[PDB]
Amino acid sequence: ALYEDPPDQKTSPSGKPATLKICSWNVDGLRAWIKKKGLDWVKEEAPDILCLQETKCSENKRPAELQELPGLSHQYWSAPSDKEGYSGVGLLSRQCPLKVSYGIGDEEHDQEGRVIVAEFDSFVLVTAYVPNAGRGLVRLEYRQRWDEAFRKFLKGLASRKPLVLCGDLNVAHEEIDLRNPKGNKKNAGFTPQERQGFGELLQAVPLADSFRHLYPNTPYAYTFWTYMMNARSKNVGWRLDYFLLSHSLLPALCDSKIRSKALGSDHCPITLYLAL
């Protein structure tokens, strides 16, 4: 069955207007995504903050078009030192953050280019490209060890401000989060191990899944479709991209969107509206 995201709710449950719009997008190659007009879509979306995953692009190769975003002028990029053309994340912001950091602790010695932390006035934003378990699960144990390290890193954040975590967390939490749950229970992204790590992330930090909090029983809402077999045209997909929020931020939550129609990648964008 196809899916149509509901209209943008730009007002908090108590009636407060949204003041902050965050967009997150696994672009599956920054240079290719720009050629497929991804940046034209970002301009129409006009977010205050834009988070990108899988940029696959070093610091010298970023297209000029990107610097020329005047409403997103503060930009922070990280790529892995070893595997250029792999991973890579970015964070673009209207206002300048108070602090930006990279990685989950040892980045200066282990530059993986998967995590950016940006502290703002009233909240901390983490965007993440979570490592894949791999075809045939060959890196699943590494993913479980990474999940645990990431969990610990997020819990032990010095700042007492609430947390927004977004990006490609590379797991469909529950059966409602993908089209073919039973056929995928031993595939990367829906193993019991990755699902349990997601549940432990929510409990340990603690965090709430913004989209599922608002739409707890809505099926067929996905953010990824394999390029192959025309999966996107049949909406055979997985929800892999999330906005996870501190409990204190839930009254500020206006809406959590899935931008199903925006092309340019095998993921589509997600967008958060907060009344801060």
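Note that residue numbering follows the sequence shown and begins at 1.
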property	result
98 to 106 versus 128 to 136 - which carries the larger mean C-alpha B factor in the record	98 to 106
Given 153 to 161 and 171 to 179, the range whose Cα B-factors average higher in the PDB entry	153 to 161
C-alpha B-factor winner, where the candidates are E65, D241, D209, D48	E65
C-alpha B-factor winner, where the candidates are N184, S93, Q144, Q196	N184
Chain third (lowest, middle, highest) by recorded CA B-factor, residue given as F120	middle
Lowest, middle or highest third - CA B-factor, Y76	middle
Entry-reported Cα temperature factor of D40, expressed as the chain third it lands in	highest
Chain-relative CA temperature factor third for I270	lowest
Among modelled residues of the same chain, the CA temperature factor third for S58	highest
